[PDB]
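Listed next as structure tokens is one chain, alone, in the form deposited in one PDB entry.
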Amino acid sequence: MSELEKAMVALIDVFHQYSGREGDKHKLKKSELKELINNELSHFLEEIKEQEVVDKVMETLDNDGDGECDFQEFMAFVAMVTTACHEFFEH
């Protein structure tokens, strides 16, 4: 696999790892999302230590209102954070 291909597979993997912990195994509940951010985005996003932050993040990414992050919504979240990384550095 190319680096791009590897990257795509890594997005699927991390989503499955976390989504599979509780409840619907193809969606991230707030707790799962919190830990994904805290463990796997520790360089790109401030650690979440407040309920109000978990709440706001989920509210922001949860486009279908079910209170969880599904795969499509996780893809959008990844794009948001990737874009923020891209922009953060002037080039």
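So that the term is clear: the rigid core is the largest set of C-alpha atoms that superpose within 1.5 Å between two forms. Only residues modelled in both forms are compared. Quick note: we count residues from 1 along the sequence shown, nothing fancier.
There is also a form deposited with a small molecule bound; it is not shown, and the following applies to it.
Undergrad: Within 4.5 Å of the small molecule in the deposited complex, do we find a heavy atom from each of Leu11, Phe15 and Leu36?
TA: No, the whole trio is out of contact, none within 4.5 Å by any heavy atom.
Undergrad: Although the small molecule is absent from this view, report whether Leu4 comes within 4.5 Å of it in the deposited complex, heavy atoms only.
TA: No, no contact at 4.5 Å.
Undergrad: Using a 2 Å C-alpha criterion and requiring 3 or more consecutive residues, which regions move between the shown form and the other one after core superposition?
TA: Moving region between the shown form and the other one: 88-90, nothing else.
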